[PDB]
């Protein structure tokens, strides 16, 4: 594979969302060590919003275009995540419809899938905030 530098979402929190560990044409991998602030109860259950955020970010890097944004997403949480789990999201463009890209993302905890989803991404003429 030929590595590509990150061209979008550059200031994304490495602590709250993730650290990209691989970015190439049409594919990206980002890892996240879950922390205590991400919990929703005393049992250590991690809020799905963080798992989704990690997957969302991987999807943006699978497209890796400056103006890329997430328009729609369908996700299934398959296994609960506990504080202390290390997660890895693997995102691949599965359909290139020009400016619209359909990216499939699966988030893993070692070999187990904890989240699976389709992310509908759009590369805009200009940055989403105008």
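Positions refer to the first chain, counted from 1.
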Hey, which bit's got the bigger mean C-alpha B factor in the entry, 65-73 or 95-103?
95-103
With reference to the PDB entry, specify whether the mean Cα temperature factor is higher for 35-43 or for 48-56.
35-43
Residue 79 - which third its CA temperature factor falls in, relative to the rest of the chain:
middle
Tell me, lowest, middle or highest third: where does the Cα B factor of residue 109 rank within its chain?
highest
Could you look up the Cα B-factor of residue 10 in the entry and say which third of the chain it sits in: lowest, middle or highest?
highest
